[PDB]
Amino acid sequence: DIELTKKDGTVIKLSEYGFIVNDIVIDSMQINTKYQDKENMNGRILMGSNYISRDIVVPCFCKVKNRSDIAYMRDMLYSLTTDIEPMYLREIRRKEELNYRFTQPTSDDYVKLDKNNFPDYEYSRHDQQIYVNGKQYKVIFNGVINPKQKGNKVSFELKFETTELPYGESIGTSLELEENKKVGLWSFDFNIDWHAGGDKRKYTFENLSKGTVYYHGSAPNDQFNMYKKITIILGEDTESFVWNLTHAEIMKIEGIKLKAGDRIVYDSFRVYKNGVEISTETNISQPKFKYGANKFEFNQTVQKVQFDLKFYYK
Amino acid sequence: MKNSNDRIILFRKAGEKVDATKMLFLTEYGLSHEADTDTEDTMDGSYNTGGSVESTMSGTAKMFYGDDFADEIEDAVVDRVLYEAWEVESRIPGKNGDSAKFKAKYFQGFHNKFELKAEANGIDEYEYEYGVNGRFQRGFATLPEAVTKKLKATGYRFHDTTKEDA
């Protein structure tokens with residue numbers, strides 16, 4: 001219940017700004033269907049079906065000490081939130097409906113009050129809220145009205161909306177999973193084994209014709225807009241270079257001659273032959289990680305493969 | 001320090017050019033002036049703008065054979081006849097050049113309710129609730145001779161024995 005927003009150049013959270021929130025409700029993704037009805041047949045063909053948009057709603061109110069200040073506070077809200085600038089929203093929850101604790105009415109152990117006139121139930125460090133999950137959402141704002149209930153309390157009804165892709169982009173790459181350097185950004189929503197360096201954590205293999213990958217993301221990383229990015233030290237010289245993959249298509253690189261120690265950066269629908277001067281004419285096919293086991297099969301025992309990606313959720 | 005017996009009720013049907021009619025044998029009585037505050041409160045203050053009143057007056061009575069007035073009240077309730085009524089307090093006469101006039105509260109409306117009740121070997125009473133059109137008007141009113149003579153209401157003066165008088 002804070003509605004964190006990471007904008008291009010800053011980080012903001014509402015309750016820091018005197019802005020309590022009632023709740024956050026996140027719709028699912030609007031499935032746009034594409035059916036076609038045959039003329040006299042009791043059944044209609046599916047041309048397609050496709051996720052579109054994940055409309056968020058967040059009603060937030062605010063109290064202040066005096067009626068004038070309402071105006072300022074409201075303006076702050078707009079200047080703080082209503083941003084066409086695609087932002088990264090992060091949801092927050094509490095772990096408990098906190099109450100005031102027992103005290104002693106002996107002219108001592110009195111109660112605290114926040115900067116806003118409320119009772120601080122958060123006595124200890126471990127009371128305040130948490131990033132409930134290690135993911136974000138690429139988000140933009142839609143129109144709000146501000147009904148002023150009595151006093152200094154005024155409500156607002158934010159209506160956020162997904163920007164590019166209706167998915168729960170996981171923050172942090174898969175290499176931070178590999179190297180346990182960055183802390184946070186890994187919630188139990190992702191069923192992740194502790195065996196760092198073990199299987200289903202590793203995306204850095206060496207000297208293999210074929211290997212195994214566990215894509216922890218329920219949603220499939222077929223869309224190029226996702227940050228799926230591979231880089232391979234090819235290991236062995238060749239004239240052509242095929243690699244296959246399951247839950248995806250076959251990939252070739254024919255017609256250009258390579259060398260062993262040369263490396264390929266295989267970005268989404270894009271191929272850096274040696275990091276620059278992209279040679280992407282050969283078999284334009286992009287790979288697709290669906291969920292769980294995504295087994296790959298090279299053909300000449302690359303001396304290194306490693307690939308970072310982002311986990312996406314539905 | 002005021003006995004209710006003193007207060008008196010006078011009735012009349014509006015489009016009738018006659019003198020008022022007292023209401024006899026009313027036990028209870030009541031006169032409620034409600035109000036509805038047409039108030040609009042800013043977000044940084046408060047205000048009252050107006051008031052819609054819902055005045056009315058209630059009464060009981062006991063249905064003695066002599067008078068047919070209760071029948072008139074009933075005919076009103078069922079026929080929606082406009083009646084003008086005023087309570088004219090006795091023993092509070094005029095001050096300046098006014099001695100026979102008496103303090104009063106004049107108001108007109110329609111009788112929005114009437115309802116009797118009766119039990120075994122019991123007098124048959126009734127209860128009427130009468131609306132009030134708008135605001136009432138106060139003003140010293142004079143009584144009609146009929147009401148005056150009724151007000152006296154002396155009881156069984158001294159008669160004599162052994163056939164001199166009944």
# chains A, B, ... in the order shown; residues from 1 in each chain; ligands from 1

$ select_by_dssp --residues "chain B" --states "strand (DSSP E or B)" --output "PyMOL selection string"
chain B and resi 7-13+21-22+29-32+35-39+48-53+56-61+82-93+102-110+113-117+125-131+137+141

$ residues_around --residues "residue A:225" --least-positions-apart "4" --cutoff "12 Å" --atoms "only C-alpha atoms" --output "short mmCIF file (atom, residue, chain, number, x, y, z; two decimals) with C-alpha atoms, in the first residue's frame"
data_model
loop_
_atom_site.label_atom_id
_atom_site.label_comp_id
_atom_site.auth_asym_id
_atom_site.auth_seq_id
_atom_site.Cartn_x
_atom_site.Cartn_y
_atom_site.Cartn_z
CA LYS A 138 5.57 -0.52 -17.37
CA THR A 163 2.48 0.71 -21.66
CA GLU A 164 4.14 -1.74 -24.06
CA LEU A 165 3.47 -5.33 -23.07
CA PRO A 166 0.77 -6.60 -20.69
CA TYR A 167 3.09 -8.52 -18.41
CA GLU A 169 8.25 -7.71 -15.93
CA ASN A 221 9.46 -14.86 -23.56
CA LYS A 229 19.80 -11.39 -24.74
CA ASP A 267 19.89 -10.05 -29.18
CA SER A 268 16.18 -10.30 -29.82
CA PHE A 269 15.63 -10.58 -33.60
CA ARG A 270 19.16 -9.27 -33.98
CA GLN A 286 13.89 -15.29 -32.76
CA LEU A 309 16.88 -12.43 -19.80
CA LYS A 310 13.90 -11.09 -17.93
CA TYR A 312 7.55 -12.12 -17.42
#

$ interface_residues --of "chain B" --to "chain A" --cutoff "12 Å" --atoms "only C-alpha atoms" --output "mmCIF file with N, CA, C and O atoms, in the first residue's frame"
data_model
loop_
_atom_site.group_PDB
_atom_site.id
_atom_site.type_symbol
_atom_site.label_atom_id
_atom_site.label_comp_id
_atom_site.auth_asym_id
_atom_site.auth_seq_id
_atom_site.Cartn_x
_atom_site.Cartn_y
_atom_site.Cartn_z
ATOM 1 N N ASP B 41 -23.245 23.047 3.269
ATOM 2 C CA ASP B 41 -21.977 23.193 3.957
ATOM 3 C C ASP B 41 -20.852 23.205 2.938
ATOM 4 O O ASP B 41 -20.699 22.260 2.160
ATOM 5 N N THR B 42 -20.075 24.277 2.948
ATOM 6 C CA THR B 42 -18.887 24.328 2.133
ATOM 7 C C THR B 42 -17.908 23.260 2.581
ATOM 8 O O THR B 42 -18.122 22.546 3.563
ATOM 9 N N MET B 43 -16.812 23.163 1.850
ATOM 10 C CA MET B 43 -15.720 22.310 2.266
ATOM 11 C C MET B 43 -14.788 23.006 3.241
ATOM 12 O O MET B 43 -13.860 22.372 3.749
ATOM 13 N N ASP B 44 -15.012 24.286 3.509
ATOM 14 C CA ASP B 44 -14.213 25.039 4.459
ATOM 15 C C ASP B 44 -15.102 25.941 5.290
ATOM 16 O O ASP B 44 -14.802 27.119 5.505
ATOM 17 N N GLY B 45 -16.219 25.400 5.758
ATOM 18 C CA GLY B 45 -17.145 26.179 6.551
ATOM 19 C C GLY B 45 -18.458 25.444 6.699
ATOM 20 O O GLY B 45 -18.520 24.220 6.581
ATOM 21 N N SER B 46 -19.502 26.216 6.969
ATOM 22 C CA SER B 46 -20.850 25.685 7.021
ATOM 23 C C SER B 46 -21.821 26.843 6.905
ATOM 24 O O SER B 46 -21.475 27.991 7.188
#

$ residues_around --residues "residue B:20" --least-positions-apart "5" --cutoff "8 Å" --atoms "only C-alpha atoms" --output "list in words"
residues 10, 11, 12 and 144 of chain B

$ atom_distance --atom1 "atom CA of residue A:281" --atom2 "atom CA of residue A:256"
9.5 Å

$ residues_around --residues "stretch 51-57 of chain B" --least-positions-apart "6" --cutoff "7 Å" --atoms "only C-alpha atoms" --output "mmCIF file with N, CA and C atoms, in the first residue's frame"
data_model
loop_
_atom_site.group_PDB
_atom_site.id
_atom_site.type_symbol
_atom_site.label_atom_id
_atom_site.label_comp_id
_atom_site.auth_asym_id
_atom_site.auth_seq_id
_atom_site.Cartn_x
_atom_site.Cartn_y
_atom_site.Cartn_z
ATOM 1 N N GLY B 30 -51.880 19.205 21.236
ATOM 2 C CA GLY B 30 -50.479 19.292 20.888
ATOM 3 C C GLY B 30 -50.319 20.117 19.640
ATOM 4 N N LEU B 31 -49.147 20.716 19.512
ATOM 5 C CA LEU B 31 -48.894 21.630 18.413
ATOM 6 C C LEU B 31 -47.403 21.576 18.112
ATOM 7 N N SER B 32 -47.044 20.841 17.071
ATOM 8 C CA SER B 32 -45.653 20.609 16.729
ATOM 9 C C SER B 32 -45.267 21.459 15.536
ATOM 10 N N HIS B 33 -44.154 22.166 15.662
ATOM 11 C CA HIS B 33 -43.584 22.955 14.580
ATOM 12 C C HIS B 33 -42.220 22.372 14.271
ATOM 13 N N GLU B 34 -42.206 21.375 13.405
ATOM 14 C CA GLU B 34 -40.951 20.818 12.950
ATOM 15 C C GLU B 34 -40.278 21.767 11.973
ATOM 16 N N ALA B 35 -39.032 21.456 11.655
ATOM 17 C CA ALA B 35 -38.286 22.219 10.676
ATOM 18 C C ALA B 35 -37.314 21.305 9.955
ATOM 19 N N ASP B 36 -37.078 21.612 8.690
ATOM 20 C CA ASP B 36 -36.112 20.917 7.862
ATOM 21 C C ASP B 36 -35.103 21.944 7.386
ATOM 22 N N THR B 37 -33.869 21.811 7.855
ATOM 23 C CA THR B 37 -32.827 22.799 7.625
ATOM 24 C C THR B 37 -32.241 22.604 6.236
ATOM 25 N N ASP B 38 -32.648 23.451 5.296
ATOM 26 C CA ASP B 38 -32.012 23.494 3.986
ATOM 27 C C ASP B 38 -30.664 24.161 4.200
ATOM 28 N N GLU B 129 -55.419 14.856 13.583
ATOM 29 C CA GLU B 129 -54.194 15.570 13.290
ATOM 30 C C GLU B 129 -54.445 16.460 12.090
ATOM 31 N N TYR B 130 -54.090 17.726 12.235
ATOM 32 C CA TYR B 130 -54.450 18.771 11.299
ATOM 33 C C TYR B 130 -53.188 19.470 10.840
ATOM 34 N N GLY B 131 -53.006 19.537 9.531
ATOM 35 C CA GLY B 131 -51.867 20.225 8.983
ATOM 36 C C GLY B 131 -51.998 21.724 9.108
ATOM 37 N N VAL B 132 -50.942 22.410 8.690
ATOM 38 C CA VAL B 132 -50.864 23.856 8.754
ATOM 39 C C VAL B 132 -50.228 24.337 7.466
#

$ atom_distance --atom1 "atom CA of residue A:203" --atom2 "atom CA of residue A:291"
14.4 Å

$ select_by_dssp --residues "stretch 9-147 of chain B" --states "helix (DSSP H, G or I)" --output "MDAnalysis selection string"
chainID B and resid 69:79 145:147

$ write_last_selection --atoms "N, CA, C and O atoms" --output "PDB file, in the first residue's frame"
ATOM      1  N   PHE B  69     -70.171  18.173  15.262  1.00  0.00           N
ATOM      2  CA  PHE B  69     -68.982  18.767  14.670  1.00  0.00           C
ATOM      3  C   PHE B  69     -67.996  17.706  14.212  1.00  0.00           C
ATOM      4  O   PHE B  69     -67.445  17.787  13.105  1.00  0.00           O
ATOM      5  N   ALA B  70     -67.740  16.715  15.060  1.00  0.00           N
ATOM      6  CA  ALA B  70     -66.825  15.648  14.688  1.00  0.00           C
ATOM      7  C   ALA B  70     -67.161  15.096  13.315  1.00  0.00           C
ATOM      8  O   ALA B  70     -66.268  14.734  12.539  1.00  0.00           O
ATOM      9  N   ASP B  71     -68.447  15.040  12.988  1.00  0.00           N
ATOM     10  CA  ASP B  71     -68.840  14.601  11.659  1.00  0.00           C
ATOM     11  C   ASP B  71     -68.294  15.544  10.602  1.00  0.00           C
ATOM     12  O   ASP B  71     -67.884  15.115   9.520  1.00  0.00           O
ATOM     13  N   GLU B  72     -68.283  16.842  10.898  1.00  0.00           N
ATOM     14  CA  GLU B  72     -67.736  17.802   9.951  1.00  0.00           C
ATOM     15  C   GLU B  72     -66.245  17.591   9.771  1.00  0.00           C
ATOM     16  O   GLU B  72     -65.725  17.627   8.650  1.00  0.00           O
ATOM     17  N   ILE B  73     -65.535  17.378  10.874  1.00  0.00           N
ATOM     18  CA  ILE B  73     -64.108  17.106  10.774  1.00  0.00           C
ATOM     19  C   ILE B  73     -63.874  15.910   9.881  1.00  0.00           C
ATOM     20  O   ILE B  73     -62.973  15.898   9.031  1.00  0.00           O
ATOM     21  N   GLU B  74     -64.657  14.868  10.095  1.00  0.00           N
ATOM     22  CA  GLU B  74     -64.478  13.655   9.328  1.00  0.00           C
ATOM     23  C   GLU B  74     -64.748  13.910   7.854  1.00  0.00           C
ATOM     24  O   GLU B  74     -63.983  13.474   6.982  1.00  0.00           O
ATOM     25  N   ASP B  75     -65.865  14.571   7.559  1.00  0.00           N
ATOM     26  CA  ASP B  75     -66.170  14.931   6.185  1.00  0.00           C
ATOM     27  C   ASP B  75     -65.011  15.680   5.563  1.00  0.00           C
ATOM     28  O   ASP B  75     -64.716  15.510   4.378  1.00  0.00           O
ATOM     29  N   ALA B  76     -64.342  16.515   6.351  1.00  0.00           N
ATOM     30  CA  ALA B  76     -63.176  17.221   5.843  1.00  0.00           C
ATOM     31  C   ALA B  76     -62.076  16.245   5.474  1.00  0.00           C
ATOM     32  O   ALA B  76     -61.605  16.220   4.332  1.00  0.00           O
ATOM     33  N   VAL B  77     -61.659  15.430   6.438  1.00  0.00           N
ATOM     34  CA  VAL B  77     -60.560  14.504   6.208  1.00  0.00           C
ATOM     35  C   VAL B  77     -60.798  13.707   4.941  1.00  0.00           C
ATOM     36  O   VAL B  77     -59.873  13.452   4.164  1.00  0.00           O
ATOM     37  N   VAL B  78     -62.037  13.283   4.724  1.00  0.00           N
ATOM     38  CA  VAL B  78     -62.296  12.385   3.606  1.00  0.00           C
ATOM     39  C   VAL B  78     -62.508  13.171   2.324  1.00  0.00           C
ATOM     40  O   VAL B  78     -62.278  12.662   1.222  1.00  0.00           O
ATOM     41  N   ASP B  79     -62.952  14.409   2.444  1.00  0.00           N
ATOM     42  CA  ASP B  79     -63.269  15.246   1.303  1.00  0.00           C
ATOM     43  C   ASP B  79     -62.229  16.326   1.059  1.00  0.00           C
ATOM     44  O   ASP B  79     -62.334  17.056   0.070  1.00  0.00           O
ATOM     45  N   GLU B 145     -70.161  35.426  20.514  1.00  0.00           N
ATOM     46  CA  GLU B 145     -71.019  35.339  21.688  1.00  0.00           C
ATOM     47  C   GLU B 145     -71.252  33.894  22.105  1.00  0.00           C
ATOM     48  O   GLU B 145     -71.210  33.566  23.300  1.00  0.00           O
ATOM     49  N   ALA B 146     -71.509  33.020  21.134  1.00  0.00           N
ATOM     50  CA  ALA B 146     -71.774  31.625  21.449  1.00  0.00           C
ATOM     51  C   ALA B 146     -70.662  31.041  22.298  1.00  0.00           C
ATOM     52  O   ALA B 146     -70.913  30.449  23.352  1.00  0.00           O
ATOM     53  N   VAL B 147     -69.420  31.212  21.859  1.00  0.00           N
ATOM     54  CA  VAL B 147     -68.298  30.660  22.601  1.00  0.00           C
ATOM     55  C   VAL B 147     -68.226  31.275  23.987  1.00  0.00           C
ATOM     56  O   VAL B 147     -67.893  30.601  24.968  1.00  0.00           O
TER      57      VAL B 147
END

$ residues_around --residues "residue A:158" --least-positions-apart "4" --cutoff "6 Å" --atoms "only C-alpha atoms" --output "number ranges by chain"
A: 57-59, 144

$ write_last_selection --atoms "N, CA and C atoms" --output "compact mmCIF listing (two decimals), in the first residue's frame"
# COMPACT_ATOMS: atom_id res chain seq x y z
N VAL A 57 -5.70 -0.06 -11.04
CA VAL A 57 -6.48 0.96 -10.37
C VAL A 57 -5.94 1.10 -8.96
N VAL A 58 -5.82 2.34 -8.50
CA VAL A 58 -5.31 2.64 -7.16
C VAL A 58 -6.06 3.85 -6.63
N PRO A 59 -6.99 3.69 -5.71
CA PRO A 59 -7.54 4.86 -5.03
C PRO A 59 -6.71 5.28 -3.84
N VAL A 144 -8.14 11.41 -13.66
CA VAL A 144 -8.56 11.35 -12.26
C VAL A 144 -9.43 12.54 -11.94
